[PDB]
Every structure is written in C-alpha cells, then in structure tokens.
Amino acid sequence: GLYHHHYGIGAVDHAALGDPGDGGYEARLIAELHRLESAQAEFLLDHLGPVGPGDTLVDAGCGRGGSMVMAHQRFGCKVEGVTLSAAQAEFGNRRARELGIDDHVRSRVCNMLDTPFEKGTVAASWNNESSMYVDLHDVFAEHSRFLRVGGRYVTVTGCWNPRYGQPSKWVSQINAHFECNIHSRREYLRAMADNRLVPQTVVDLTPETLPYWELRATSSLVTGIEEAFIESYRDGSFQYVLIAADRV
C-alpha cells in the first residue's frame, strides 16, 4: 500500500470513483483504497477502550506508523511502534518529526517477540495485519507481559476458518505470496486463552472488507493475489476478523 500496510473496510464510494475511462481513475482508486484502510484503522482504535493522554500504546508490526499517528491524534497518548524494517522505522519517525509529534510517536527496529517495554507498563497494544508473521503463543505472551493488568489488546487479521477443516489452497497461495504463515481462528482464540488475554469483542469483518478487495482486483497495481483473497473470503475458508481482548 501507500501509507497503511493493512487492508480496509466499508462500502466503496463509486460516485467519487467516476468514469473508469478518465485518466485520473487509477489515481482516484488509490485515494479510495486509502480511505477504506484509514477507516479500518479507525475501527481498530474504537476497540482500545478509553486510553488517556498519559498512557503508552504499542503497535507490534507497525509498518509505516499510520496506525500510531492516528492513535496519537485521537488519544493524545504516547505510542511506541516496532518492526523489522529499518526503512519503515525511519519513515514513521520522519513523518512524526514533520507532524511535530515525534515527542510522542516513535518507531524502532525490534522483533515483536522480544520487546524492550517493561512488564505491565503498556495500556493497550495491537497487531494490525502482522500476527500472520509470528508464532501466536509467543507474540501474545509478549503482549501479555508488557501489558498492564486490565490493559486492552486488539488484533485485526486474516485467519483460516477451522470450521472447514485444513487450510484451503487459497490461504496457502497467500502465505506463499507474502512468505507468511496464516493461522486458524482456533489458534488465535487458543493462544489468547493460554496467555491471560480474554476476548471482549470478536467480529467477523469479511463482509466489510470484501468491497475493498473487489475494487482492488480491478486495478493496474494488481499483484495477482487479489483472486486468492476474494475466493477464499467467499467460500469461507479464509476470514477477516477483529478481536479485542482484556489482559486479565
């Protein structure tokens, strides 16, 4: 993507898309994709509970910091980000300095499994499309450690549905495309329970993210993976969900 690395949710604004014959259509599409992505990040924020200006938020696998900047403009709190990409950290910070908020928002190169945050000092943290890259038990044990008792964890992610048995080929094609390891909803809920994380909200967002991918499949920038997403989301083997949980 251009800013947010995650996917979006919500009905597409076809009116603003205009004529696919215009030259500026492919541009008007990128703007739309962004709008839908911002909307889902805004939705993930709605689930962090009431974070105050004095709280410290953590974003595991923060990408370019889009979610961190949004968290700060909304809550006023301090936000620490973490990623494996140096280029991405530098980017997020550069953007913060420019916004005059690098005194609250910072990204750093660090593996989300071995973070520098002290036990029980984080008020809320999240994984926005990044838990598909790490063992679930270990990332949740880490969030649980640095999370304050009563803290809030949120994760928006794609997971294969165990209701239909083993992972469908679609899920595997996506895994191969991103060199990730998509987990099952069973594994998500299991790991959370074994790590003192208790779900407060579990919501399947597949219907809200479908328009996003259908619109994306009609572009130039298409990478060939949008087919896997659309089919798996339709036959139900793959699903987009949001899980907000309390660190009990």
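Quick note: we count residues from 1 along the sequence shown, nothing fancier.
Stretches 216 to 224 and 194 to 202 differ in mean C-alpha B factor, with the higher average recorded for 216 to 224.
For the pair 88 to 96 and 148 to 156, the mean B factor over Cα atoms is greater in 88 to 96. Among the modelled residues of its chain, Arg106 has a C-alpha B-factor that falls in the highest third according to the deposited record.
The entry lists a Cα temperature factor for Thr115 that places it in the highest third of the chain's modelled residues. Per the PDB record, residue ranking by Cα B-factor puts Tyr164 in the highest third of the chain.
When the modelled residues of the chain are ordered by their C-alpha B factor, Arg35 lands in the middle third. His143: CA B factor in the lowest third of modelled residues in this chain (values from the PDB entry).
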